[PDB]
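Trainee: Protein chains in written order, with the deposited numbering: chain E, 3 to 342; chain C, 3 to 342; chain G, 3 to 342; chain A, 3 to 342.
Note that CB positions come from ideal geometry on N, CA and C, so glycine has one too.
Have a look at this one before I ask anything.
There are 4 protein chains.
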Amino acid sequence: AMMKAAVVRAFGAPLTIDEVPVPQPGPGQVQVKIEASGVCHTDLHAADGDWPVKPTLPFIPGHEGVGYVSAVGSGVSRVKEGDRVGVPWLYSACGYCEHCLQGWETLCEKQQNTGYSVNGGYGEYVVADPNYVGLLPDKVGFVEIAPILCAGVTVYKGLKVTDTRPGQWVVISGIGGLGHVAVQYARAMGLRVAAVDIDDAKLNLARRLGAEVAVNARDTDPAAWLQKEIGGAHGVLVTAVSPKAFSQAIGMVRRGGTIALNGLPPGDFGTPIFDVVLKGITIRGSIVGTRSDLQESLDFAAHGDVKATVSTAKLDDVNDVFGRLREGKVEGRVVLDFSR
Amino acid sequence: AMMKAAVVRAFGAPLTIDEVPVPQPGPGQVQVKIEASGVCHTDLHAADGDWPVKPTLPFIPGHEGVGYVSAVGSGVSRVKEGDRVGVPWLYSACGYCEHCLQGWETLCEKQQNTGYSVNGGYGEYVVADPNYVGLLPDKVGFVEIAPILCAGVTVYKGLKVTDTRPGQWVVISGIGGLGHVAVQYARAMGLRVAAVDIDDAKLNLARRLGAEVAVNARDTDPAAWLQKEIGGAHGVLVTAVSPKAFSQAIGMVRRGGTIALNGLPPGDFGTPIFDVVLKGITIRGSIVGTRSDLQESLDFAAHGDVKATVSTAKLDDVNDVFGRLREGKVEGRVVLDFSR
Amino acid sequence: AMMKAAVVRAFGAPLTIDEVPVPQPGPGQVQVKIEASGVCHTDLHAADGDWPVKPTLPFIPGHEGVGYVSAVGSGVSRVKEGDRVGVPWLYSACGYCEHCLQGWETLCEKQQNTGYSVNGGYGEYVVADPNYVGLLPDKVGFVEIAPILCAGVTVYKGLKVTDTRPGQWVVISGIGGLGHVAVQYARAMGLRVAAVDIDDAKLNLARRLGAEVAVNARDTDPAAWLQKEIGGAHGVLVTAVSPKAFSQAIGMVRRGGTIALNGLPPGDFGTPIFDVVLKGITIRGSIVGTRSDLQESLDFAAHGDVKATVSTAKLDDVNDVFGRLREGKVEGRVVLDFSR
Amino acid sequence: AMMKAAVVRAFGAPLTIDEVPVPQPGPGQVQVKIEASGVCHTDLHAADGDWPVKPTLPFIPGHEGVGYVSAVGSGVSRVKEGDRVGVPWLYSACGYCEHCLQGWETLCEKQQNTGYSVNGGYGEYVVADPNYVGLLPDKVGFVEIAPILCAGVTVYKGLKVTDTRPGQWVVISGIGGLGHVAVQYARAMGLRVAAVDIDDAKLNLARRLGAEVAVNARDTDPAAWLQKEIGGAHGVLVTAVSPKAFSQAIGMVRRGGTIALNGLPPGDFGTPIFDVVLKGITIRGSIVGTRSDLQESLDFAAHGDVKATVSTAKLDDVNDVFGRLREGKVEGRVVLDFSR
Ligand SMILES: NC(=O)c1ccc[n+]([C@@H]2O[C@H](COP(=O)([O-])OP(=O)(O)OC[C@H]3O[C@@H](n4cnc5c(N)ncnc54)[C@H](O)[C@@H]3O)[C@@H](O)[C@H]2O)c1
Ligand SMILES: [Zn+2]
Ligand SMILES: [Zn+2]
Ligand SMILES: [Zn+2]
Ligand SMILES: [Zn+2]
Ligand SMILES: [Zn+2]
Ligand SMILES: [Zn+2]
Ligand SMILES: [Zn+2]
Ligand SMILES: [Zn+2]
């Protein structure tokens, strides 16, 4: 009847860990018993409120929750009890608007979002729409697979919309939680990879993870060096949370190239329109991924092409996690482990 | 042996109509006797030398010249004496670089530009590269067709890269020199047009041209209104590239839509990363087009689908033409008429 | 505490899945919570009790068990709780006999053997000597790394004692659990690899894994075929479970060549003394590997040079797994999955 | 022009002492005048033609001939007339092949064999390849040194390939023609020697030769005894290769030890897989030796460390000699004496 959960009740004060009621699945719904729950930067902004459209208090964050289906309402055919599933950012969509019909459910104006507009995976249980859960592969553990539910699918879809093809150069700007799996997806997609971050150790991660080129932003200029070495990149993926670098990205791309943006920092960034137009440059934002994007991105993990770098932590230490998460002292990703 | 031509001999200075020597075609070159020559703002930027890369002085402006091939250097096959051709902005490209080989010669870093880096059509004769001239439809007169070499191809190619298809919505932002031509291509491409401007007269023109909706930005927030009325436009063509136009385009575009920027404005514009990412928006630069683009835009002119509003003037009055343009007194396009 | 474990209570009889006491770590010992446990053919030899020296009944097999240290006995320094380790065939050795002092602990006459002389990893927990456990690489998953604890280390040491060097030919006879990773170690050690088995599917597997040439012993005489095809090999590693393959390998080497033997089917094989002497052939027994061998063989796995072909099964199905392995119906390794 | 030589004209028949031409050397050849010619069991198999590859008839046997260089052809630098040399089993190798370049000329596919494939030393003179003859020590008589060319180098190289070190144990199995010479090399090589045999005379001789231990296999299990008495031998040299000797060798050897086989018996021998694999035993064939092996073996004889038991006989009594060898009535080695 009760469960442990990290409930945000005040739009900025640390999360509390309380016994709350276990959500029961109604018709068309299922219940998921959480084994692991990934922590995303988005969770910070949910706890805080750096976003125009804000969560409703109180709520439970977590859109990288993974576990088994523990119960099922009527009318459900996609999943059964004991199925291995994840509940990602896109909690549900109407399924029949123009966006949904065209396989862009990610843009559905009637969408609900896990751990933001409805309760998420920072609890021992979570109710989900079985039509939009991620179907998880057996061969990959809960802790290792959690980050794919958001970080993975986000950078996978992001790389797809750079419109770069095998043999061409992709730049991964920022080798963090997202960035570091981005390197791995890019390689599996046959791309040549260049990495660029403020941290020279993060650049070593990229090097090990497959990148054949990396330069430090806080040293030389990324643009000038890349235009110099590789001849500019055909595509750029910006994962870097920092407002700036959404400008030096325009410079690392060669003419006719595409920059996909994963970051969600605040405020307007300076866009050199003259150069964008003359160099025929494309700038494109990419929102996580569709259900197909997600399944494809999980497949890459199953096959061993992709493997998240992950720090484990306990539900009760959630606030500790948020702390070091902000101070950029987190390597790769952090995943809450519910294992007893 | 000699000819008259408007010449820029110093930046910002009135052009002087000098007697100068007729240029002669060497091997792989042709000569063109100019019968009409389009004028546009690009010419003002050339004469003022206020773009990052200036022209070399002295020079003859004009990248919208049309006339008859009057001489043929050796090794030319594409055109012959008597052919009707235009000499567009793209004078030549290298033909072997990555861009040229992929049918993107407009991104060629070794390209020459007519009436800017090489002498243009503000004179009785001009030497051109037969491989890069525009082949003109028999049906259309020299004066009427001249602006298609610039305004025509620019907005046509711009509409193409908005990645819209028949039946979908496109917003044409700014119904002026470019815009009133864009409206017509848009219609011919099976698109539903929403016109946006602050000038009621320009808006009335859009309606006459087939615009299904016309919104005045002065009285109405077109972003709010279009989102309310049609859930946004699938494509936005910004023909008057300015901060207010850029921001509002981002507001008017439907989620997952594409914005094409048609101009070359100074400075950095503020881009709302957040909105661009959550909405999955594409921002894209487009000016003029390839030889294929041009031929396709010419064909629309030839079928009677597209007619530029045009007025004429004499070579001797080029400075006056510049004056009206600079003051913003020009309705449509001004074309220099060399006809007897 | 109790746990599930597969137990051998009578030779040739199906194993039973019993509830048994969790083994506790005494002084100098550690306890390992098993995540995955490879099924070696030695396990069948043991359960069937077809070796001259029987294992004590009853016993829990499994010497490819890997997981986390879950408890530490007093006085342990080498490893700590949470460490990822495996418990190989060589459970322990005396540490001070002639063999042990010369880094050949695999020959220690006082050695104990995991899942034979002491209980092994066909269970939820196993107690291990921390001085002899395998220290697993972070980079690799439990399921994938498990076969390296015997299959990998065995064929790696075996390849080492063939006394071949980069550029020379080695024959792998039997592409099963051991042989399929042997192909990869061989390639990683710069050898040209020839594959021999009695099943085209194993041969096809070997071809995918880097075998330059391959032959089905059932379809022609393998020794003669190899003599013509490659001029006889410089070395041969015998991982087959048929005494006949042993005799045949002796005819696969060129003069001066070395045959190394890993396979352990009961009985004798035929040594052609005359040809062995005349041709100066060396025949060599090779038994698993030392702690050094094991560390090195794990490093090849961490570097991505070697990757076991694996399929998982549940503890409950151990008998169906044994049956399939008996009838040659297994490709690569079967790894018992104890993961959540 | 003419000389006496014992000739085999029909396999298995008695030899006849015939008058045949004296072989004269051409370019790159020397002539040797025989002073003594050792006899061994290889000569019996040559005369009987009972090996897989047979001598061509007619032929003169003898691969233990020693004497003086009596003539030289052009282009000979290694020896000169008057030099004391022997013409061993390895008459010549190609010098170009893999084996020849790796110091294993004994394995040369193109080798010729003295008194087998080419005429040998059962005659007054023999033609030889100066690059392959043995260079005999000054201080040892012809009769005494003859056996070192065959028996000597065989047990010496054999001992070398047991890969034993001074201070370690070696078993000499069989103290006959070869064995009594082997005991001596072993002691000279600083090994502790254990003699094994069924004949009590041969064992008393081993003790006289420095064998620290001796066991009669008729009375006691030499394996069980040696394992208990010394912990098993580091190496075993089997000079009399019978299935029993071979089997017991596998039992007598210390784990990780090496068994070298000097004999050429027929048939396949049963080799216990379990024992060879688990005990990590090396089994190695070895007969004769390289030119280097020979020179080294001669040096030991030269230093008085090795002396073969030799009986002399005349050329005309060769058949009588063969009979003695067949009936196993020979103590030591028989050598034909051509001296005055
Ligand atoms: N002691 C050691 O040095 C070390 C460690 C213990 C295990 N052993 C032994 O290694 C052997 C193999 O182990 P495994 O797990 O890979 O068994 P496995 O069943 O997985 O593989 C056996 C392979 O041998 C092949 N086989 C049967 N007859 C063959 C033939 N005539 N020619 C070629 N291949 C033939 C099979 O086709 C099969 O592919 C076992 O006997 C095992 O006990 C090695
Ligand atoms: Zn997220
Ligand atoms: Zn929808
Ligand atoms: Zn123009
Ligand atoms: Zn080019
Ligand atoms: Zn094993
Ligand atoms: Zn020991
Ligand atoms: Zn001999
Ligand atoms: Zn040779």
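Does DSSP put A219 of chain E in a helix, a strand or coil?
Mentor: Reduced to three states, the DSSP call for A219 of chain E is coil.
Trainee: Using a Cβ-Cβ cut-off of 8 angstroms, state whether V145 of chain E counts as contacting chain C.
Mentor: Not an interface residue.
Trainee: Report yes if the C-beta distance between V243 of chain G and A262 of chain G is below 8 angstroms; otherwise report no.
Mentor: Result no, Cβ atoms of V243 of chain G and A262 of chain G do not sit closer than 8 angstroms.
Trainee: Does any heavy atom of ligand 8 sit closer than 7 angstroms to the C-beta of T108 of chain A?
Mentor: Not under cutoff, so the answer is no.
Trainee: Across the stretch 62-81 of chain C and the stretch 141-152 of chain C, are there enough close Cβ pairs to call them in contact, namely three or more that are closer than 8 angstroms?
Mentor: Segments in contact, yes.
Trainee: Nearest CA to the CA of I283 of chain A: which residue from A:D295, A:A303, A:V255?
Mentor: The option with the nearest alpha carbon to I283 of chain A is A:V255.
Trainee: Could you give the first and the last residue of the continuous alpha helix (DSSP H) run that contains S294 of chain E?
Mentor: Segment 293-304, the alpha helix (DSSP H) holding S294 of chain E.
Trainee: Can you give the Cα-Cα distance for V142 of chain E and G176 of chain C, rounded to whole angstroms?
Mentor: Their Cα atoms are separated by approximately 54 angstroms.
Trainee: Just to make sure I have the definition right: I need the residues of chain A whose C-beta is within less than 8 angstroms of the C-beta of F271 of chain G. Which are they?
Mentor: What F271 of chain G touches in chain A: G272, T273, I275.
Trainee: Which value, in whole angstroms, describes the spacing of the CA atoms of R189 of chain C and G265 of chain C?
Mentor: The alpha-carbon atoms of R189 of chain C and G265 of chain C are separated by roughly 21 angstroms.
Trainee: Have a look at E:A304, E:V55, E:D201 and flag the residue whose alpha-carbon is nearest the alpha-carbon of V217 of chain E.
Mentor: Of the listed residues, the one whose Cα sits closest to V217 of chain E is E:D201.
Trainee: Note down, in chain order, every chain A residue with its Cβ under 8 angstroms from the Cβ of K281 of chain G.
Mentor: Within 8 angstroms Cβ-Cβ: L109, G287.
Trainee: Measure from the alpha carbon of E126 of chain C to the alpha carbon of each residue in C:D318, C:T260, C:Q104, then state which is nearest.
Mentor: Comparing Cα-Cα distances from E126 of chain C to each of C:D318, C:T260, C:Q104, the minimum goes to C:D318.
Trainee: Relative to ligand 1, is the shortest distance from any of its heavy atoms to the C-beta of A235 of chain G smaller than 7 angstroms?
Mentor: No, the beta carbon of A235 of chain G sits no closer than 7 angstroms to any heavy atom of ligand 1.
Trainee: Determine the chain C residues that contact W106 of chain E at a beta-carbon separation under 9 angstroms, and present them in chain order.
Mentor: Correct list: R257, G258, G282.
Trainee: Please state whether the Cβ-Cβ distance between residue 362 of chain G and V185 of chain G is less than 8 angstroms.
Mentor: This structure gives no information on residue 362 of chain G, because the portion of chain G shown stretches from 3 to 342.
Trainee: Residues of chain C with a CB under 8 angstroms from the CB of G265 of chain E: which are they?
Mentor: Correct list: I275, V279.
Trainee: Please list, in chain order, all residues with a C-beta atom less than 5 angstroms from at least one heavy atom of ligand 2.
Mentor: Counting every residue whose Cβ lies closer than 5 angstroms to a heavy atom of ligand 2, we get E:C42, E:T44, E:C152.
Trainee: Near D20 of chain E, which residues of its chain fall below 7 angstroms by C-beta distance, leaving aside the five closest residues on each side in sequence?
Mentor: Counting only Cβ-Cβ distances below 7 angstroms, and skipping sequence neighbours, we find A7, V9.
Trainee: Is the Cβ of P57 of chain A closer than 8 angstroms to any Cβ of chain G?
Mentor: It does not: the Cβ of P57 of chain A has no partner Cβ on chain G nearer than 8 angstroms.
Trainee: Give a yes or no on whether the minimum CB-CB distance between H101 of chain E and chain C is below 8 angstroms.
Mentor: At least one chain C Cβ lies under 8 angstroms of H101 of chain E.
Trainee: Give the C-beta separation of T314 of chain C and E333 of chain C to the nearest angstrom, bearing in mind that I take them to be a contact with Cβ-Cβ under 8 angstroms.
Mentor: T314 of chain C to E333 of chain C, Cβ: 13 angstroms. No contact.
Trainee: Does any C-beta atom of chain E lie closer than 8 angstroms to the C-beta of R342 of chain G?
Mentor: By this cut-off, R342 of chain G is an interface position.
Trainee: Whole angstroms is fine: what's the gap from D52 of chain A's alpha carbon to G40 of chain A's?
Mentor: Rounded to whole angstroms, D52 of chain A to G40 of chain A spans 21 angstroms at the Cα level.
Trainee: For the stretch 162-177 of chain C, list every residue whose C-beta sits within 8 angstroms of some C-beta in chain E, in sequence order.
Mentor: Taking 8 angstroms as the Cβ-Cβ cut-off against chain E, none of the residues of the stretch 162-177 of chain C qualify.
Trainee: Report the start-end ranges of each beta strand (DSSP E) in the stretch 203-284 of chain E that is 3 residues or longer and not cut off at the edges.
Mentor: With a minimum length of 3 residues, the continuous beta strand (DSSP E) runs that stay inside the stretch 203-284 of chain E are 215-218, 235-240, 255-263, 270-274.
Trainee: Within 10 Å of its beta-carbon, does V55 of chain G have 16 or more other beta-carbons around it, so buried, or fewer, so exposed?
Mentor: By the neighbour-count rule (16 or more Cβ atoms within 10 Å), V55 of chain G is not buried but exposed.
Trainee: Using a cut-off of 8 angstroms between C-beta atoms, extract the partners of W91 of chain G located in chain A.
Mentor: None at all; the shortest Cβ gap to chain A is about 11 angstroms.
Trainee: Does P139 of chain E come within less than 8 angstroms of chain C when only Cβ atoms are used?
Mentor: Output row for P139 of chain E: interface = no.
Trainee: List, from N- to C-terminal side, the beta strand (DSSP E) runs of 3 residues or more that fit wholly inside the stretch 10-83 of chain C.
Mentor: If we require 3 residues or more, the beta strand (DSSP E) runs fully inside the stretch 10-83 of chain C come out as 18-23, 32-41, 67-74.
Trainee: Cutting at 6 angstroms between CB atoms, please list the residues of its own chain near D85 of chain C, excluding the five before and the five after it.
Mentor: Taken in chain order, the residues that qualify are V71.
Trainee: Below 8 angstroms CB to CB, which residues in the same chain sit around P60 of chain G once its five sequence neighbours on both sides are set aside?
Mentor: Excluding positions up to five away in sequence, the list reads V9, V10, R11.
Trainee: Can you list, in chain order, the residues of its chain with a C-beta nearer than 6 angstroms to that of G181 of chain A? Leave out the 5 residues immediately preceding and following it.
Mentor: Once the five neighbours on either side are set aside, the close Cβ partners of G181 of chain A are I174, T241.
Trainee: What span of residues does the alpha helix (DSSP H) with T156 of chain G cover, start to end?
Mentor: It spans 153-162 - the alpha helix (DSSP H) in which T156 of chain G sits, taken as one unbroken run.
Trainee: I think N121 of chain C touches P25 of chain C, with their Cβ atoms under 8 angstroms apart; what is that distance to the nearest whole Å?
Mentor: Confirmed, Cβ separation roughly 7 angstroms.
Trainee: Taking CB distances under 8 angstroms as the criterion, tell me whether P268 of chain E reaches chain C.
Mentor: Yes, because at least one Cβ of chain C sits closer than 8 angstroms to the Cβ of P268 of chain E.
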